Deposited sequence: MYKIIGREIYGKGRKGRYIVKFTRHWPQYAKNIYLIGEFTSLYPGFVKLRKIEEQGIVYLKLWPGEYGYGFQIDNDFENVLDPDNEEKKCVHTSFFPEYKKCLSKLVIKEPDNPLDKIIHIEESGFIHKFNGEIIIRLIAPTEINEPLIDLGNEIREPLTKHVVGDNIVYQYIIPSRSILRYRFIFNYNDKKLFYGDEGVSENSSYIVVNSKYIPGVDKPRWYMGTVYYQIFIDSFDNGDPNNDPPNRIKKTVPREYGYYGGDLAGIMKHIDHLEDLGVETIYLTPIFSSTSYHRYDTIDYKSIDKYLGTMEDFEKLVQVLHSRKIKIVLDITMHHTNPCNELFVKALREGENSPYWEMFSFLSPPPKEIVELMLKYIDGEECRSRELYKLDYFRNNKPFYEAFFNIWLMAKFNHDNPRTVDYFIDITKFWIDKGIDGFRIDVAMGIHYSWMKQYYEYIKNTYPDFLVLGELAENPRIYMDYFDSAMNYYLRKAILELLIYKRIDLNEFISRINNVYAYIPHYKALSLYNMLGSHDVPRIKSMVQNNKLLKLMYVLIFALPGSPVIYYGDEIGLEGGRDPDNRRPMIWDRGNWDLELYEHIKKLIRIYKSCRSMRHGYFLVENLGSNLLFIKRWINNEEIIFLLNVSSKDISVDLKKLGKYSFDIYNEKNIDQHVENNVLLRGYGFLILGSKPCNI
């Protein structure tokens, strides 16, 4: 059940988001009820209903639109429809946009009075600082002419406009001042109206904000626009003969499941390739103590997995990387852990009623023979939890605790218990003391929003330069108060639905993009982890099977504000289907490289570095008809444009910029073709 309660009110009458109350019956057996869907998380956990009497409740603040949602009770991933809602919305999932999932339909209707669709509220997406300037945004419908911003002393025009559905988001950028006073002027039915503190009226008051309280930064952090490189460590390379494990897979092509033997030395010996490619930040697959080649079931968050090397190999790696001005981010599983984890073994020992029990989300205490059995395999100098699968009970029954898709070896932490926060904070310090520059939080969207607020706020206070990057699948505008960055699976899905599944047109795509970009602060957008591929999805080349289109997708990834990502090997044309086939050994024989793609990507990176307007840089996007995508990025005095032909059909382009940034030199673009132009070479 859901009820639209009304709208939030800012100032003395400015209406904001719609307050929606979510209710469900609370079955007496239920331990947890998650609100899943497109405004919380599809994997359960970001938001929980809270229990009062015989029902679960929560209030959210949402924008108009149509959304899929549901309620997941405990470990039942299948049945999530809202029992009170008869209506359904089948949403294409993020990682695999071919597959639909049918959820319940929430619709929040646009208001009748177009005057009610004018919005500017005191929140970071609407007002924030960057580069010693203030960014202000006004949402208005088309029946409103281009509104002006009335500062104290002057009147300015919107510097850009972003289409979002039938709405327009006007963006004003202004110099910074001590106190800040602004309102908006527009014409409606041939009448002169204002948007001010009490809302729309003939003479609205100024909105007043002390720059002290405007969120943002002056000079961007390293992570606010950086080039990522993800390495799945097991598959990158073997540097140390004495690091190989028992029985190694075979480079057969359908990559098998298991250990190939890649280690820290292996990466370290290919620093030269990292450098030549030009990546700035390396994101590493989990390297902690574990029982699998993938290592997403960690035993001990403070020890390097034996097959990878020693703490010393690790520090050496970090050191070389830093000496080349390359940073390192480690993958960390703050959602769940291997049952061999000391805490889980103690929780089992001590039983419920123990503070140890409360570190995890146990469901219902099972029989004692079971616990003793498990304890036989999980307590020991050696972790033998894999052997659990040799037993019938473990292959047959779901875990008696919550776990990642009910997988025995992935026991979920109790995120309602602040002790678990302390645990991961302490772990964070340990690794900061090893010189790492950031964490990528595995299954971030399954971690309760309050937990992440505790963690993120504290880390950010204590270590401002520590990147907090989350694995998140839904619209990043949901999450950016809790992370520096999100792996942008949302953007990836939009690109694929425009250019592969051909399910949306160029306008809808533009709307998808601005539905993220216009609702978050510019610095947040710049930090977004913008990837075409990852260890969780098939290789992009194998999905595109089109040289020119693939190159186009990379151009797009570098043109949109964000932190462009390269999954290891994608730069040379590594192919592969779905996991595990998407983690084939890197190819070190240059005779087997797709060199055109390689040099293409290397150039896009050189531009990213040379052109501060590509890296940092305000953003405008226009559909110039005929499937001509126009993108403009600019910062301070530096200007750069991108013309992209998003179709197979050649198109004639005409026309400030007389310098080829891509080719350097100084028309008619062919299908899938593109142009990158400045008014001269980039400088600083």
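When the deposited sequence is numbered from 1, the segments without any C-alpha atom are 656-659, 671-678.
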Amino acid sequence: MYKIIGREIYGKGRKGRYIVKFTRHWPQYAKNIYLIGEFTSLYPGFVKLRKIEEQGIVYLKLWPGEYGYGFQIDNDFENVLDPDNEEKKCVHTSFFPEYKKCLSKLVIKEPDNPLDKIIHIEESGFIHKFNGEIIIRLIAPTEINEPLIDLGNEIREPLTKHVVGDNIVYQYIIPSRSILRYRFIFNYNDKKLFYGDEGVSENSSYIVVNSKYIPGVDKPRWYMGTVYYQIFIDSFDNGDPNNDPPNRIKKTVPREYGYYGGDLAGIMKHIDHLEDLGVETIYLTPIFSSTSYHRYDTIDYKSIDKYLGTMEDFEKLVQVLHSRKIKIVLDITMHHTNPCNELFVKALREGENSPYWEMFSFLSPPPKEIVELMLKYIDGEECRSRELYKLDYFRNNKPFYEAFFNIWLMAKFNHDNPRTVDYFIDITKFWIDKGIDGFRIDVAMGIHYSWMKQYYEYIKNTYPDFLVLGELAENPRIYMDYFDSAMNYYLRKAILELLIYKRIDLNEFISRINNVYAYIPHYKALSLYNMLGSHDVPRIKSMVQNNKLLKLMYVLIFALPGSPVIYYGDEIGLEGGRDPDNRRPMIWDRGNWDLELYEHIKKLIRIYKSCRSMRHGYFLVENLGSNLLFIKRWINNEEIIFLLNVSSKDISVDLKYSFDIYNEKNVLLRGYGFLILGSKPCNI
From here on, numbers count along this sequence of modelled residues.
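The question of which stretch, 314-322 or 100-108, has the higher mean Cα B factor is settled in favour of 100-108. Of the two segments, 580-588 and 419-427, the one listed with the higher mean B-factor is 580-588 (C-alpha atoms only). In this entry, the residue among 341, 364, 461, 235 with the greatest C-alpha B factor is 364. Which of 133, 123, 484, 244 has the largest Cα B-factor in the deposited entry comes down to 244. The deposited CA B-factor of residue 48 belongs to the lowest third of values across its chain. In the deposited entry, the Cα temperature factor of residue 538 places it in the middle third of its chain's modelled residues. When all modelled residues of the chain are sorted by CA temperature factor, residue 665 is found within the highest third. Compared with the other modelled residues of the chain, the Cα B-factor recorded for residue 373 ranks in the highest third.
In the PDB entry, a CA B factor belonging to the middle third of its chain's modelled residues is recorded for residue 63.
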